[PDB]
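> Mind having a look at this structure? Questions to follow.
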Amino acid sequence: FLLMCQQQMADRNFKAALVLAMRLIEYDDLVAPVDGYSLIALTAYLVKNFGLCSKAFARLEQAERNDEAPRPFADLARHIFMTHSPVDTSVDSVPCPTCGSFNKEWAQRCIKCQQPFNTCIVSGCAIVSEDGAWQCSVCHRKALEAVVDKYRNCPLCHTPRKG
Amino acid sequence: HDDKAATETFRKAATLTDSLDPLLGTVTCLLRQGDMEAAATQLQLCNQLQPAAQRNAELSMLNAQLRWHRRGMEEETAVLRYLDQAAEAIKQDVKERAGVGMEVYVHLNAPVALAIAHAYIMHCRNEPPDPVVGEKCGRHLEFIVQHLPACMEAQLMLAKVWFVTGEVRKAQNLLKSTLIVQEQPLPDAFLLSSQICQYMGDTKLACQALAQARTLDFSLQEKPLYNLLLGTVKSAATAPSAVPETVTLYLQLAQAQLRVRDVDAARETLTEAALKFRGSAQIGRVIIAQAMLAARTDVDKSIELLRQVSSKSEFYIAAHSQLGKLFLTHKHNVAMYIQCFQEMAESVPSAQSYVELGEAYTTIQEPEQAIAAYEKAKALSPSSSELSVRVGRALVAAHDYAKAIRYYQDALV
Ligand SMILES: [Zn+2]
Ligand SMILES: [Zn+2]
């Protein structure tokens, strides 16, 4: 996720950047959370949304307080929280395909029926309909048709299409 | 303790004059020898010979003594009444005969009066409180100690229950002061005192405390207690003729099988002792010990063990207090974690629960819910000002700097 999460700013479609960035929470062991939460707060600011940025800044500042025992992320957190309204925007925009419950776009499981969803390999959104789901036969991953039609190769394995 | 020959002596003495007190001497020594039938039959006779209002002191003991071995676990309340029936009487019948000391000590019978402290302590807890029967155990000892402060035998039981006090600084000085002046008794309180210091965080002296018990004799190792406590800072348990005392022995076994990394032996003694000690009122600790191992064996079997305890157990919420801990770093659960902490918050409400459920909301990084749970922790107790500090720290960590000012001003009011 990290590569396209960082280059999504170059791709200028900053909406999918947060969807990518909120997928590495479970991957804090492989990549240190101080690396990812910076990007999470950055893309939260760039789309002018909040709430998740508050959690990211809180974890970052707890890490800083663990470190010192002069930090600028406290300055950034306080400056943004006082110069802007720190309230979470709309985050439930996808319903569960099984029980109809609206869940987070970055949710790995349903909040109601607890059913895992396969996530898109490039946009990061959880797939709800298998009709618009493209399954890779080599790296065994799934993505969305509307984005995978643009890419002639898989983002993971870059498997050529047989013809 | 010339029990067998003096048993006939009482039978002679009971025949010389039939009196309740020397008859209860016969019952006492028959209990040591094993004739519970003759011990039970004459308990009935002395119950009928009971003085109607001033109930006899040693009569309630022979009630408590006989029943303790078998019925005492089921009569953990009822024998405690028979404990109380003479414990207050010895407080009172001696007070009825005060003034001249000769009446005081003849109705004292300190070996009986000290046996009350022996009976009380095994009925009471072995663990210090968090950051009444224990006090009831603690009140009668200071009653025993105040009149004759010199005796170390009453001191050691008193110095023991000072572990329950929670005045750790005033305790460990008193634990140290009495043990250094009086050298004859067993030093195992020195280890226990230093382990309270390590429990606070004071570990530097605890390494040397191990040698201090070791200094007197190798005979301590006849108790396997020391060898574990030796390893803490850095045959016997089966017990045939070759219960809370065995519960402390089971704590020894639990930490031993924790350190040794034996899986089969640990599970085998878990099953065996749980089979033998299922009727005890402590097996919840046992099973969560199982759970603290069952996390490395099977999560769902651990959850079933956690469900094998009812709300009547004091460790049960402690069980759930660690069942929630099962979702800390191993299950990594969110919805189930919130569910469990809500269940234990509603089951036994308290400010601390309202604190740790707030901790649960800090585990999932929900600011507003953490604010609310800490706010009702503040609301539940005026004794939560030390927790209100944590409430303030969580809300400033929850970015609510607009209302942080108002919470702080109102808390300062
Ligand atoms: Zn669902
Ligand atoms: Zn692929």
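Chain labels A, B, ... are given in the sequence in which chains occur in the structure tokens; within each chain residues are numbered consecutively from 1, and ligands are likewise numbered from 1 in the order shown.
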Which of range 76-241 of chain B end up as helix (DSSP H, G or I) when DSSP is run on this backbone - answer as a PyMOL selection string?
chain B and resi 78-96+101-108+110-123+133-147+152-161+168-181+188-200+206-216+219-222+225-233
> Where does chain A meet chain B within 10 Å, residue by residue, with the nearest atom pair and distance in Å to one decimal for each, counting only C-alpha atoms, listed by chain and rising number, as JSON lines?

{"residue": "A:26", "atom": "CA", "partner": "B:332", "partner_atom": "CA", "distance": 9.8}
{"residue": "A:51", "atom": "CA", "partner": "B:367", "partner_atom": "CA", "distance": 8.9}
{"residue": "A:52", "atom": "CA", "partner": "B:365", "partner_atom": "CA", "distance": 9.1}
{"residue": "A:54", "atom": "CA", "partner": "B:399", "partner_atom": "CA", "distance": 6.6}
{"residue": "A:55", "atom": "CA", "partner": "B:365", "partner_atom": "CA", "distance": 5.9}
{"residue": "A:56", "atom": "CA", "partner": "B:365", "partner_atom": "CA", "distance": 9.0}
{"residue": "A:57", "atom": "CA", "partner": "B:399", "partner_atom": "CA", "distance": 9.0}
{"residue": "A:58", "atom": "CA", "partner": "B:397", "partner_atom": "CA", "distance": 6.0}
{"residue": "A:59", "atom": "CA", "partner": "B:365", "partner_atom": "CA", "distance": 8.6}
{"residue": "A:61", "atom": "CA", "partner": "B:397", "partner_atom": "CA", "distance": 8.7}
{"residue": "A:62", "atom": "CA", "partner": "B:397", "partner_atom": "CA", "distance": 8.6}
{"residue": "A:77", "atom": "CA", "partner": "B:399", "partner_atom": "CA", "distance": 8.4}
{"residue": "A:78", "atom": "CA", "partner": "B:399", "partner_atom": "CA", "distance": 8.0}
{"residue": "A:81", "atom": "CA", "partner": "B:399", "partner_atom": "CA", "distance": 7.0}
{"residue": "A:82", "atom": "CA", "partner": "B:401", "partner_atom": "CA", "distance": 7.9}
{"residue": "A:86", "atom": "CA", "partner": "B:399", "partner_atom": "CA", "distance": 7.7}
{"residue": "A:87", "atom": "CA", "partner": "B:399", "partner_atom": "CA", "distance": 9.9}
{"residue": "A:111", "atom": "CA", "partner": "B:335", "partner_atom": "CA", "distance": 7.7}
{"residue": "A:112", "atom": "CA", "partner": "B:335", "partner_atom": "CA", "distance": 9.2}
{"residue": "A:114", "atom": "CA", "partner": "B:335", "partner_atom": "CA", "distance": 9.1}
> Would you put the residues from that selection into a file with N, CA, C and O atoms, as a PDB file, in the first residue's frame?

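File written: again-v3.pdb
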ATOM      1  N   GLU A  26      -2.933  -2.384  10.768  1.00  0.00           N
ATOM      2  CA  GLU A  26      -2.611  -3.742  11.187  1.00  0.00           C
ATOM      3  C   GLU A  26      -1.161  -4.104  10.903  1.00  0.00           C
ATOM      4  O   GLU A  26      -0.664  -5.096  11.448  1.00  0.00           O
ATOM      5  N   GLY A  51     -10.718  13.971  12.598  1.00  0.00           N
ATOM      6  CA  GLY A  51     -11.194  12.825  13.345  1.00  0.00           C
ATOM      7  C   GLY A  51     -10.176  11.708  13.385  1.00  0.00           C
ATOM      8  O   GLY A  51      -9.658  11.368  14.452  1.00  0.00           O
ATOM      9  N   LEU A  52      -9.893  11.117  12.225  1.00  0.00           N
ATOM     10  CA  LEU A  52      -8.808  10.145  12.145  1.00  0.00           C
ATOM     11  C   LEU A  52      -7.463  10.820  12.365  1.00  0.00           C
ATOM     12  O   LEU A  52      -6.551  10.228  12.956  1.00  0.00           O
ATOM     13  N   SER A  54      -6.946  13.226  14.378  1.00  0.00           N
ATOM     14  CA  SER A  54      -6.807  13.374  15.822  1.00  0.00           C
ATOM     15  C   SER A  54      -6.215  12.121  16.449  1.00  0.00           C
ATOM     16  O   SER A  54      -5.317  12.206  17.293  1.00  0.00           O
ATOM     17  N   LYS A  55      -6.693  10.947  16.032  1.00  0.00           N
ATOM     18  CA  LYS A  55      -6.149   9.693  16.544  1.00  0.00           C
ATOM     19  C   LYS A  55      -4.692   9.516  16.135  1.00  0.00           C
ATOM     20  O   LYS A  55      -3.855   9.085  16.942  1.00  0.00           O
ATOM     21  N   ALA A  56      -4.374   9.848  14.882  1.00  0.00           N
ATOM     22  CA  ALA A  56      -3.001   9.727  14.403  1.00  0.00           C
ATOM     23  C   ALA A  56      -2.065  10.654  15.168  1.00  0.00           C
ATOM     24  O   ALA A  56      -0.979  10.244  15.593  1.00  0.00           O
ATOM     25  N   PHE A  57      -2.476  11.909  15.363  1.00  0.00           N
ATOM     26  CA  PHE A  57      -1.657  12.858  16.105  1.00  0.00           C
ATOM     27  C   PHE A  57      -1.504  12.438  17.556  1.00  0.00           C
ATOM     28  O   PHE A  57      -0.440  12.629  18.152  1.00  0.00           O
ATOM     29  N   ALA A  58      -2.559  11.872  18.148  1.00  0.00           N
ATOM     30  CA  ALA A  58      -2.470  11.403  19.525  1.00  0.00           C
ATOM     31  C   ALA A  58      -1.455  10.276  19.656  1.00  0.00           C
ATOM     32  O   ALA A  58      -0.620  10.280  20.569  1.00  0.00           O
ATOM     33  N   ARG A  59      -1.499   9.308  18.738  1.00  0.00           N
ATOM     34  CA  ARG A  59      -0.539   8.211  18.802  1.00  0.00           C
ATOM     35  C   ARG A  59       0.880   8.705  18.539  1.00  0.00           C
ATOM     36  O   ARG A  59       1.832   8.269  19.200  1.00  0.00           O
ATOM     37  N   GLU A  61       2.078  11.728  19.179  1.00  0.00           N
ATOM     38  CA  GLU A  61       2.575  12.486  20.313  1.00  0.00           C
ATOM     39  C   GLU A  61       2.851  11.587  21.506  1.00  0.00           C
ATOM     40  O   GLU A  61       3.760  11.872  22.292  1.00  0.00           O
ATOM     41  N   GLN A  62       2.096  10.495  21.656  1.00  0.00           N
ATOM     42  CA  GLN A  62       2.439   9.522  22.687  1.00  0.00           C
ATOM     43  C   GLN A  62       3.784   8.877  22.391  1.00  0.00           C
ATOM     44  O   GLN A  62       4.587   8.643  23.305  1.00  0.00           O
ATOM     45  N   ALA A  77       0.013  19.448  15.829  1.00  0.00           N
ATOM     46  CA  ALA A  77      -1.287  18.995  16.308  1.00  0.00           C
ATOM     47  C   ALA A  77      -2.069  20.138  16.934  1.00  0.00           C
ATOM     48  O   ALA A  77      -3.237  20.362  16.597  1.00  0.00           O
ATOM     49  N   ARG A  78      -1.430  20.890  17.834  1.00  0.00           N
ATOM     50  CA  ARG A  78      -2.112  22.005  18.477  1.00  0.00           C
ATOM     51  C   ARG A  78      -2.474  23.091  17.474  1.00  0.00           C
ATOM     52  O   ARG A  78      -3.577  23.647  17.525  1.00  0.00           O
ATOM     53  N   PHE A  81      -5.417  21.835  15.363  1.00  0.00           N
ATOM     54  CA  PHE A  81      -6.643  21.663  16.134  1.00  0.00           C
ATOM     55  C   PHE A  81      -7.221  22.992  16.596  1.00  0.00           C
ATOM     56  O   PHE A  81      -8.435  23.095  16.804  1.00  0.00           O
ATOM     57  N   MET A  82      -6.388  24.015  16.772  1.00  0.00           N
ATOM     58  CA  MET A  82      -6.931  25.308  17.163  1.00  0.00           C
ATOM     59  C   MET A  82      -7.270  26.191  15.974  1.00  0.00           C
ATOM     60  O   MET A  82      -8.138  27.062  16.090  1.00  0.00           O
ATOM     61  N   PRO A  86     -11.716  20.259  14.724  1.00  0.00           N
ATOM     62  CA  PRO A  86     -11.255  18.857  14.713  1.00  0.00           C
ATOM     63  C   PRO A  86     -12.390  17.856  14.907  1.00  0.00           C
ATOM     64  O   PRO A  86     -12.480  17.142  15.917  1.00  0.00           O
ATOM     65  N   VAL A  87     -13.280  17.788  13.920  1.00  0.00           N
ATOM     66  CA  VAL A  87     -14.424  16.884  13.942  1.00  0.00           C
ATOM     67  C   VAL A  87     -14.339  15.965  12.732  1.00  0.00           C
ATOM     68  O   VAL A  87     -14.015  16.409  11.625  1.00  0.00           O
ATOM     69  N   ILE A 111     -18.857  -4.166  10.846  1.00  0.00           N
ATOM     70  CA  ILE A 111     -19.086  -3.762  12.231  1.00  0.00           C
ATOM     71  C   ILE A 111     -20.292  -4.459  12.838  1.00  0.00           C
ATOM     72  O   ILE A 111     -20.476  -4.409  14.062  1.00  0.00           O
ATOM     73  N   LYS A 112     -21.110  -5.130  12.027  1.00  0.00           N
ATOM     74  CA  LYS A 112     -22.314  -5.792  12.511  1.00  0.00           C
ATOM     75  C   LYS A 112     -22.229  -7.310  12.404  1.00  0.00           C
ATOM     76  O   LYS A 112     -22.363  -8.007  13.414  1.00  0.00           O
ATOM     77  N   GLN A 114     -19.553  -9.056  11.144  1.00  0.00           N
ATOM     78  CA  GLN A 114     -18.161  -9.490  11.293  1.00  0.00           C
ATOM     79  C   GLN A 114     -17.736 -10.428  10.162  1.00  0.00           C
ATOM     80  O   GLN A 114     -17.247 -11.536  10.389  1.00  0.00           O
TER      81      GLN A 114
END
> Taking only C-alpha atoms and all ligand atoms into account, which residues have an atom no farther than 8 Å from ligand 2? I'd like them as a PyMOL selection string.
chain A and resi 136-141+153-159
> Output C-alpha atoms of each residue in that selection to a file, as a PDB file, in the first residue's frame.

ATOM      1  CA  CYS A 136      -5.758 -11.978 -10.203  1.00  0.00           C
ATOM      2  CA  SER A 137      -4.846 -15.603 -10.913  1.00  0.00           C
ATOM      3  CA  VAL A 138      -1.112 -15.234 -10.119  1.00  0.00           C
ATOM      4  CA  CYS A 139      -0.739 -13.154  -6.950  1.00  0.00           C
ATOM      5  CA  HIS A 140      -4.275 -14.179  -5.846  1.00  0.00           C
ATOM      6  CA  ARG A 141      -5.494 -10.623  -5.230  1.00  0.00           C
ATOM      7  CA  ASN A 153      -0.560  -4.924 -15.489  1.00  0.00           C
ATOM      8  CA  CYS A 154      -1.285  -5.939 -11.918  1.00  0.00           C
ATOM      9  CA  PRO A 155       0.081  -3.560  -9.246  1.00  0.00           C
ATOM     10  CA  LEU A 156       1.532  -6.563  -7.377  1.00  0.00           C
ATOM     11  CA  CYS A 157       2.825  -9.098  -9.907  1.00  0.00           C
ATOM     12  CA  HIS A 158       2.475  -7.129 -13.189  1.00  0.00           C
ATOM     13  CA  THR A 159       1.200 -10.293 -14.848  1.00  0.00           C
TER      14      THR A 159
END
> Enumerate as a PyMOL selection string the residues within 6 Å of ligand 1, counting only C-alpha atoms and all ligand atoms.
chain A and resi 96+98-99+101+110+112-115
> Pull N, CA, C and O atoms from the residues just selected and write them as a compact mmCIF listing (two decimals), in the first residue's frame.

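Once written, again-v7.txt looks like this:
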# COMPACT_ATOMS: atom_id res chain seq x y z
N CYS A 96 -22.57 -3.07 4.04
CA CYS A 96 -22.16 -4.46 4.00
C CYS A 96 -23.01 -5.22 2.99
O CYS A 96 -24.23 -5.06 2.97
N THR A 98 -23.79 -8.30 3.03
CA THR A 98 -24.54 -9.37 3.66
C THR A 98 -25.72 -8.85 4.47
O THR A 98 -26.88 -9.21 4.21
N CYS A 99 -25.46 -8.00 5.46
CA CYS A 99 -26.49 -7.51 6.37
C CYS A 99 -26.90 -6.07 6.09
O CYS A 99 -27.80 -5.56 6.77
N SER A 101 -25.27 -3.34 6.66
CA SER A 101 -24.74 -2.38 7.61
C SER A 101 -23.67 -1.51 6.95
O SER A 101 -22.76 -2.02 6.30
N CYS A 110 -16.91 -6.39 8.83
CA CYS A 110 -18.16 -5.68 9.09
C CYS A 110 -18.26 -5.33 10.57
O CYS A 110 -17.82 -6.08 11.44
N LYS A 112 -21.11 -5.13 12.03
CA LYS A 112 -22.31 -5.79 12.51
C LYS A 112 -22.23 -7.31 12.40
O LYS A 112 -22.36 -8.01 13.41
N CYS A 113 -22.00 -7.85 11.21
CA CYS A 113 -21.99 -9.29 11.02
C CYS A 113 -20.59 -9.89 11.09
O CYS A 113 -20.47 -11.12 11.08
N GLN A 114 -19.55 -9.06 11.14
CA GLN A 114 -18.16 -9.49 11.29
C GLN A 114 -17.74 -10.43 10.16
O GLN A 114 -17.25 -11.54 10.39
N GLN A 115 -17.93 -9.97 8.93
CA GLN A 115 -17.50 -10.72 7.75
C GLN A 115 -16.38 -9.96 7.06
O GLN A 115 -16.56 -8.79 6.71
> Can you list, as a PyMOL selection string, every protein, DNA or RNA residue that comes within 8 Å of range 47-64 of chain B when you count only C-alpha atoms, leaving out same-chain residues fewer than 4 positions away?
chain B and resi 20-21+24+27-28+43+68+72+79-80+82-83+85-87+89-90+93+112
> Please dump the current selection as a short mmCIF file (atom, residue, chain, number, x, y, z; two decimals), in the first residue's frame; keep C-alpha atoms.

data_model
loop_
_atom_site.label_atom_id
_atom_site.label_comp_id
_atom_site.auth_asym_id
_atom_site.auth_seq_id
_atom_site.Cartn_x
_atom_site.Cartn_y
_atom_site.Cartn_z
CA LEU B 20 -17.13 -29.03 80.40
CA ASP B 21 -13.59 -27.65 80.14
CA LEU B 24 -13.19 -30.40 75.77
CA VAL B 27 -12.08 -33.72 72.37
CA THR B 28 -9.08 -31.59 71.43
CA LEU B 43 -19.15 -31.88 71.04
CA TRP B 68 -12.84 -27.15 59.69
CA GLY B 72 -15.11 -25.93 57.15
CA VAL B 79 -17.49 -21.88 61.29
CA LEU B 80 -16.54 -18.19 61.06
CA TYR B 82 -18.31 -20.29 65.59
CA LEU B 83 -15.02 -18.43 65.29
CA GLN B 85 -18.86 -16.88 68.87
CA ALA B 86 -15.75 -17.20 71.03
CA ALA B 87 -13.49 -14.57 69.41
CA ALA B 89 -16.27 -13.87 73.89
CA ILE B 90 -12.53 -14.02 74.58
CA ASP B 93 -15.26 -12.95 78.92
CA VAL B 112 -6.61 -21.16 72.09
#
> Figure out the distance between CA of residue 60 in chain A and CA of residue 72 in chain A, please, to one decimal in Å.
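Interatomic distance, CA of residue 72 in chain A to CA of residue 60 in chain A: 10.7 Å.
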> One number please: CA of residue 233 in chain B to CA of residue 206 in chain B, in Å, one decimal.
6.5 Å
> Calculate how many Å separate CA of residue 248 in chain B from CA of residue 144 in chain B, rounding to one decimal.
25.9 Å
> What lies within 10 Å of residue 245 in chain B using only C-alpha atoms, ignoring chain neighbours under 3 positions off, as a PDB file with N, CA, C and O atoms, in the first residue's frame?

ATOM      1  N   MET B 122      -5.921 -18.399  57.509  1.00  0.00           N
ATOM      2  CA  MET B 122      -6.194 -19.331  56.423  1.00  0.00           C
ATOM      3  C   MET B 122      -7.569 -19.109  55.814  1.00  0.00           C
ATOM      4  O   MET B 122      -7.788 -19.478  54.659  1.00  0.00           O
ATOM      5  N   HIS B 123      -8.493 -18.502  56.554  1.00  0.00           N
ATOM      6  CA  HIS B 123      -9.760 -18.099  55.965  1.00  0.00           C
ATOM      7  C   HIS B 123      -9.657 -16.797  55.181  1.00  0.00           C
ATOM      8  O   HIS B 123     -10.585 -16.466  54.437  1.00  0.00           O
ATOM      9  N   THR B 248      -1.936 -21.679  48.372  1.00  0.00           N
ATOM     10  CA  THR B 248      -0.649 -21.003  48.237  1.00  0.00           C
ATOM     11  C   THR B 248       0.390 -21.933  47.619  1.00  0.00           C
ATOM     12  O   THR B 248       1.207 -21.506  46.791  1.00  0.00           O
ATOM     13  N   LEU B 249       0.363 -23.213  48.002  1.00  0.00           N
ATOM     14  CA  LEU B 249       1.195 -24.212  47.333  1.00  0.00           C
ATOM     15  C   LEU B 249       0.872 -24.304  45.848  1.00  0.00           C
ATOM     16  O   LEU B 249       1.759 -24.550  45.025  1.00  0.00           O
ATOM     17  N   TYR B 250      -0.391 -24.102  45.490  1.00  0.00           N
ATOM     18  CA  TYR B 250      -0.780 -24.141  44.091  1.00  0.00           C
ATOM     19  C   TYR B 250      -0.303 -22.901  43.350  1.00  0.00           C
ATOM     20  O   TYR B 250       0.003 -22.978  42.159  1.00  0.00           O
ATOM     21  N   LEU B 251      -0.244 -21.755  44.029  1.00  0.00           N
ATOM     22  CA  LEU B 251       0.395 -20.579  43.440  1.00  0.00           C
ATOM     23  C   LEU B 251       1.873 -20.841  43.184  1.00  0.00           C
ATOM     24  O   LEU B 251       2.419 -20.448  42.140  1.00  0.00           O
TER      25      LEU B 251
END
> Give me the residues near residue 53 in chain A as an mmCIF file with N, CA and C atoms, in the first residue's frame, where near means some atom within 7 Å (using only C-alpha atoms) and where sequence neighbours in that chain fewer than 6 positions away do not count.

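Saved the output as out15.cif:
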data_model
loop_
_atom_site.group_PDB
_atom_site.id
_atom_site.type_symbol
_atom_site.label_atom_id
_atom_site.label_comp_id
_atom_site.auth_asym_id
_atom_site.auth_seq_id
_atom_site.Cartn_x
_atom_site.Cartn_y
_atom_site.Cartn_z
ATOM 1 N N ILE A 40 -0.855 9.565 7.199
ATOM 2 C CA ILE A 40 -2.285 9.563 7.503
ATOM 3 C C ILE A 40 -2.753 10.966 7.865
ATOM 4 N N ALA A 41 -2.015 11.640 8.749
ATOM 5 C CA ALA A 41 -2.370 13.006 9.116
ATOM 6 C C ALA A 41 -2.207 13.955 7.937
ATOM 7 N N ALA A 44 -5.071 13.445 5.681
ATOM 8 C CA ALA A 44 -6.270 13.943 6.340
ATOM 9 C C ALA A 44 -6.364 15.455 6.211
#
> Skipping near chain neighbours, those fewer than 6 positions away, what residues fall within 10 Å of residue 109 in chain A using only C-alpha atoms, listed as a list in words?
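Final neighbour list, sorted by chain and number: residues 96, 103, 115, 116, 117, 118 and 126 of chain A.
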> Quick one: of A:83, A:8, A:119, A:89, who's nearest to residue 133 in chain A, counting only C-alpha atoms?
A:119
> Pick out the closest residue to residue 150 in chain A from this set: A:42, A:24, A:122, A:68. Count only C-alpha atoms.
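Nearest candidate to residue 150 in chain A out of A:42, A:24, A:122, A:68: A:122.
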> Can you tell me which residues surround residue 150 in chain B at a distance of at most 12 Å, considering only C-alpha atoms, apart from same-chain residues fewer than 5 positions away, and format the answer as a list in words?
residues 144, 145, 155, 156, 178, 181 and 182 of chain B
> Only C-alpha atoms, please: the residues just picked out, written as a JSON list (two decimals), in the first residue's frame.

[["chain", "number", "residue", "atom", "x", "y", "z"],
["B", 144, "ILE", "CA", -4.34, -9.66, 71.24],
["B", 145, "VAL", "CA", -1.17, -7.59, 70.83],
["B", 155, "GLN", "CA", 3.51, -10.20, 66.49],
["B", 156, "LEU", "CA", 4.20, -12.43, 63.48],
["B", 178, "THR", "CA", 10.05, -6.77, 64.29],
["B", 181, "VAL", "CA", 15.02, -7.60, 66.81],
["B", 182, "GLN", "CA", 13.45, -11.04, 67.24]]
> Identify all residues of chain A in strand (DSSP E) (DSSP on the backbone) and supply them as a PyMOL selection string.
chain A and resi 92-95+102-104+133-135+142-144
